[PDB]
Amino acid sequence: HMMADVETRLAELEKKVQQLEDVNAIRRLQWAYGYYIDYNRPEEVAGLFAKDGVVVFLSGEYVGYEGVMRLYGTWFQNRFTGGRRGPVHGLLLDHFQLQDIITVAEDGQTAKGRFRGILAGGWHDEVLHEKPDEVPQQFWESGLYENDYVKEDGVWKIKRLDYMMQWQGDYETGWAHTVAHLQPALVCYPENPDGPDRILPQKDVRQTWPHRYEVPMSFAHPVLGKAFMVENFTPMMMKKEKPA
């Protein structure tokens, strides 16, 4: 009667409040991830992952704690700090994280999120001698994430972090005059000590800047949903003979 109504209203509020909390907790993961990677702290990063978690970098999959520690630790921390937990003198690696769009599964057990970063990177002249030869002294970089999350034992965890670098620009010359200094993975671990456990299938492998490939949205069109159709709107614009 009145009590069936109260039960339905409570249950509905509990579900909605759960989803609002889930969104905050998933965003917190990605923002926390950012603050750890800025400090070259691979251990904190590995801890954010499910034990069967994966990170994807330059079309290569790194599997579990060991894989995450090999990417952020063996490769990145040696490259940027010589194997020190940061921050350290004269080394900038600020990955400004923003623009989260999170989609929680209806059952509350998994989620997707799109996010992005803009990286200001580099070695100050006082520590330039620590920089490896292949890398610009200072550069901008941007990338897109399309991540998967899993809820295990009440806790949101990274199930798949897929970082798809979009562009780099040497500070001095900019994105217009820079070719990426990173290329898609070619050699797996353990032949390549910095290498992935596996390379994505070729159809999924991405060439780097100035090459561009769409990263599909994990979110539906937020107004028209699955009913959105491109061809319903294209006829309203004019394609011109050349750019103006």
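The first residue of the shown sequence is 1; numbering continues from there.
**Q** Averaging CA B factors per stretch from the PDB record, which one is higher: 167 to 175 or 128 to 136?
**A** Here the higher of the two C-alpha B-factor means belongs to 128 to 136.
**Q** So which stretch wins on mean C-alpha B-factor, 61 to 69 or 186 to 194?
**A** Stretch with the higher mean C-alpha B-factor: 186 to 194.
**Q** Can you pull the Cα B-factors for 148, 141, 100, 106 from the entry and say which is highest?
**A** Of the candidates given, the C-alpha B-factor peaks at 106.
**Q** Sort the modelled residues of this chain by their C-alpha B factor and say whether residue 214 lands in the lowest, middle or highest third.
**A** According to the entry, residue 214 has a C-alpha B-factor in the chain's middle third.
**Q** Report the third (lowest, middle or highest) to which the CA temperature factor of residue 227 belongs, ranking only the modelled residues of the same chain.
**A** It falls in the top third of the chain.
**Q** For the chain shown, is the CA B-factor of residue 201 in the lowest, middle or highest third of its modelled residues?
**A** Top third by C-alpha B-factor.
**Q** Test of reading the entry: by CA B factor among the chain's modelled residues, which third contains residue 154?
**A** Its C-alpha B-factor belongs to the highest third of this chain's values.
**Q** Lowest, middle or highest third: where is residue 84 by Cα B-factor in its chain?
**A** CA B-factor rank for residue 84: middle third.
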